[PDB]
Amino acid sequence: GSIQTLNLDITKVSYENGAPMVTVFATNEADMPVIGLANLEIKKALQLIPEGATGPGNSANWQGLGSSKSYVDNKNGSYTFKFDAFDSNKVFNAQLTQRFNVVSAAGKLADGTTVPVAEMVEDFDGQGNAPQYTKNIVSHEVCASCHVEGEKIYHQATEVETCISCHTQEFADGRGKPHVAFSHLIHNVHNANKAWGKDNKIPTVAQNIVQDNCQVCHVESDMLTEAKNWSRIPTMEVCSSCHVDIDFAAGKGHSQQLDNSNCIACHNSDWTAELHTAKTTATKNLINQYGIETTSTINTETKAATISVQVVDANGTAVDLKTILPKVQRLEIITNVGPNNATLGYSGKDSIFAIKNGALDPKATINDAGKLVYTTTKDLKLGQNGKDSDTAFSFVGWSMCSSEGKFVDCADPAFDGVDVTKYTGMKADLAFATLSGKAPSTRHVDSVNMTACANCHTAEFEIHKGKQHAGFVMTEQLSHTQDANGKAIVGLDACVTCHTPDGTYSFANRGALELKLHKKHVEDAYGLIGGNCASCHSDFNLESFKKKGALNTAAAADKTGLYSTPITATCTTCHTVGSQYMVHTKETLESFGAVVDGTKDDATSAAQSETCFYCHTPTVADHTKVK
């Protein structure tokens, strides 16, 4: 017995007896009543002191009225709370909006049915009718873009409204700690200008992900009538969470301000909203000014691929590349072979910077039709490794020089790409070609896609922008299939051009794409992801292992490559053999057909000999499932 989702509604609030009597209705994912909840609670009862009541320009705030774990299970899905000690500070005011924060802890019903955590708030007027005014600024869904939904965020609770209901202005005042008011704390813990906590944690990682982008949490919504408060209510308490060097009382770094009465007179909402979003808006506008459309063909006699790139404008209209060439900062073409199991490796891939800082490489030209044309020079080895190897696949990344939201000429031929404020990575593309002339093979893209990456990195993620690459922006330009609803899938299959079964530049980095995203995020994003495979995966494509060969998993002492059979390679990125994270010894893994950090020849010969999926039946919901 398992409940997938526990829904909670406050269906009745009655003050006929003084202390409100509060009824909660609980249903499962099929809208059936849930009877026997043992850990239901009113975590907080609050009422809303309105905007400006504590002083001109001051925020609305939640005043505390108590809590209750005293309830009767009415045996029909409803539960009725009473308060043994309502409003112990005697501040109740029926003219104020009243809020109740209700939580149900994860656990089991008596019959043993598992029940997940549930949290909610609901607002009322002082007689239990609908409220007359609210403080609805954000909703819990924004946090779930980056923090695993249903798991605690730092501590105490899983939904932001529960945090807000405890981390109130009253709470902070009572502790003498302004910074623990939630509207200060929330920005503090994602911004690196000052540390937080007794251990003085500098939020370097949070800063690098959030980048002070107000729109990842402050989102327009008809559901949230105070959503524009992030620009409409400037206060020293909130604005100082990132602006940590101003002393408004002493007038250092800013004119003296003794209260919040005049902030809005100067910091008008238009300005605050615009200035904090200007650069991401400008960059997004530049990215969407141009596109590219790429084709590739194989010469059947020379077996080389010729890649042709058509620049287009925002409407899809052709743009002769000669007209914008002086502003093209880089354009790179990387070609590998065998999209389901790349065959050329990292050293054997074809790659060129066809353009650098306005200059065409001698190996690339612009034809009379205005297209860039380049022909591969490395041995593509087409058709030498089975049918999949009939297909070459080419990844095109490019960037354009830019300053303050405008494209500009690349005036410096030697510009090294380190200063990312001087250029914009643009929409990348992917082109297939076959030696036979038959339709190309393509890699599966049905298990991970860019929408998941964009939840944390935004859709404008300029992947690898810097000294080494132009920056790959991933979009429907390189989509070649749709999901069951007809939405174009933006895959990461182009990344395999470099993230090959042989690894990347070193054999020691688990560079194969099947390994690399796991390695980076289990090492550096575990606080956000943990074992939550759904953070990237809609499914696992276990059938894809039948198209895989050996995967590079280590470097030998002499720096040559060591390889594993592909399921073992994929699981061991997070489950290192010989570590506390892997119960199977090397010997046992070999008894299941695996090769573990052996030669490419041995791992290749044994690549379809692994018996792991006889026992293991992983799903995204539970990847640990075994028979």
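The first residue of the shown sequence is 1; numbering continues from there.
Trainee: Taking only the CA atoms, which stretch has the higher mean B-factor in the record, 602-610 or 21-29?
Mentor: Taking the mean B-factor of the alpha carbons in each, 602-610 is higher.
Trainee: Mean Cα B factor from the PDB record: higher for 446-454, or higher for 477-485?
Mentor: Comparing averages over the C-alpha atoms only gives 477-485.
Trainee: Among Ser506, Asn191, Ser535, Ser165, single out the one with the highest C-alpha B factor in the record, please.
Mentor: Each of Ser506, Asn191, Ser535, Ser165 was compared by C-alpha B-factor; the highest is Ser506.
Trainee: When the CA B-factors of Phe124, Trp230, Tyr71, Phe407 are compared as recorded in the entry, which is the largest?
Mentor: Across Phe124, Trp230, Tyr71, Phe407, the entry lists the biggest C-alpha B-factor for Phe407.
Trainee: Determine, from the deposited record, the chain-internal third of the Cα B-factor for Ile324: lowest, middle or highest.
Mentor: Its C-alpha B-factor belongs to the highest third of this chain's values.
Trainee: Could you say whether, by C-alpha temperature factor, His518 belongs to the lowest, middle or highest third of its chain?
Mentor: Its C-alpha B-factor, which the entry lists for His518, ranks in the lowest third among residues of this chain.
Trainee: Which third, lowest, middle or highest, does the C-alpha temperature factor of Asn285 belong to within its own chain?
Mentor: Highest third of the chain for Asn285's C-alpha B-factor.
Trainee: Sorting the chain's modelled residues by C-alpha B-factor, tell me whether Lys44 ends up in the lowest, middle or highest third.
Mentor: Answer is lowest: the recorded C-alpha B-factor places it there.
Trainee: Sorting by Cα B-factor within the chain, modelled residues only, which third would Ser402 end up in: lowest, middle or highest?
Mentor: Highest third - that is where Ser402 ends up once the chain's C-alpha B-factors are sorted.
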